[PDB]
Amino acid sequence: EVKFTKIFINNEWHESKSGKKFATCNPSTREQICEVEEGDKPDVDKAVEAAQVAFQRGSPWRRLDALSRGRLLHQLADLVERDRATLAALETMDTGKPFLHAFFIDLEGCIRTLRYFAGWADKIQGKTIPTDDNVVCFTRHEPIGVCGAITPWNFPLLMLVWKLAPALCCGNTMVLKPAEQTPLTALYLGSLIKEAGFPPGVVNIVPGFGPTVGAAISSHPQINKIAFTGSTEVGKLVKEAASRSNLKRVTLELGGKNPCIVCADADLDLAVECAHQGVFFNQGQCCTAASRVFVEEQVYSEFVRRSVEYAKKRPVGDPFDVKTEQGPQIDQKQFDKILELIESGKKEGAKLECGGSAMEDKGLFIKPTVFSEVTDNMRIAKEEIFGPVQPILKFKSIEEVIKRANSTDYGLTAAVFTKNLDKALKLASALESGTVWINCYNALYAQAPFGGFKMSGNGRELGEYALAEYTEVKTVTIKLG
């Protein structure tokens, strides 16, 4: 049963000001879970004012010493650990991802990120700066203020926690809008946040839609900082709204056309295993997903053959079943877009190696699909599919594949598979990607920054670098008489 469905302001639950509610549905059963309060600008304003009050100098939250902000973040992680089974179940109901993946990947990431950043609270350190004989000059990394977080539906809790953890450890307060498709875990986190003993108004949560709640957050004159995870087009709008309002600081985590490069000297079975996971994890609906699998011609045919085997053997079905590795797509909209891209694949001349249609009708499941013979100007090679489709391209030289890998407007991640030291490091430095994996895929750490080059994002999440998004530099310069 879903207990938390309301708007969370000042550690209180609230009906929307309009009284309106919206439904969240289970993609696997195709049935409606519950209804959630549908917020709007009046609700954002009530949340922002709360966050402002909790942020005023002299408030309890601003009076906490640094280590007690740490201790609270550990207390949050501890409760998320206690109710892990329940949070992973709610994520599965909302997203369709396999329960065991939500438990061991999503929730594990949530706990690790919170503990990591908990330990940053009392180590956020500015500088003392040598100037003149009679001057004392130093800098302070102060909290930036009221922070908005807007997150997508593919990793609903994790993308929020990547925001909540650095922001709170730096002493900010927050307004959160989860995706309208996936509100359930955010709202649950809220009960845990009040249980952890965060003062009222430090974290507020307003569900609802993008053009209503989201745009009101990005345009709010008393929000100082916004962090957004989602599509490139909405991120442009969000940064535009931020600039037309009060010039709030913006972190953008956007899409990518992520390349995956398999050299002739790769461990081929490792490359196949990693490229398969990198394409198909979370039903393909992952910002890190491999959209272009470049395979050098010496192992092209054997890579394809081994990839078709993995794809034909990947279990698809009920996400609450131990055996499932692939649940359903998120909703009818995405389901249709993926099938249209598959058809363009066939129509544009790519060789269909397996799958390529719905799995059994009635459900939002798509057969895992592999295309070979894919070229750069094909649609399946140029567009984010957000579905279980592995397009495999061929290349000849390192220099050639660097150019084809970089000739995109995106740059979130890349992966290289080679046994050669020079090749690995030549590619790591030349690929214009925020993360370059070498002989691995989807290797994320709370302590390693993540984010995009070019139109894949602004700023970083995770690692010490996340702290720079959540703090404002102040120079204090004292002249001694």
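Basically, rigid core = biggest C-alpha set you can superpose within 1.5 Å across the two forms. The first residue of the sequence shown is number 1, and the count goes up from there.
Take 148-156 and 351-359, fit the other structures onto the shown form by the rigid core, and average the C-alpha distances in 7 other deposited structures of this protein: the farther stretch is 351-359. The stretch that strays farther, by root mean square C-alpha distance over structures and residues in 7 other deposited structures of this protein after a rigid core fit, is 371-379, when 118-126 is set against 371-379.
Annotation for 9-17 versus 467-475: the higher mean temperature factor (C-alpha) is found in 9-17. When the mean C-alpha temperature factors of 159-167 and 398-406 are read from the deposited coordinates, 398-406 comes out higher. If you compare the C-alpha temperature factors of 125, 113, 307, 151 in the entry, 307 comes out highest.
Annotation for 388, 119, 201, 207: 388 ranks highest, by Cα B-factor. Sorting the modelled residues of the chain by their CA temperature factor places residue 351 in the highest third.
When the CA B factors of the chain's modelled residues are split into thirds, the value for residue 40 lands in the middle one. Sort the chain's modelled residues by C-alpha temperature factor and residue 238 lands in the middle third, per the entry. Sort the modelled residues of the chain by CA B factor and residue 267 lands in the middle third. Residue-level temperature factors show residue 220 in the lowest third of its chain, judged at the C-alpha atom.
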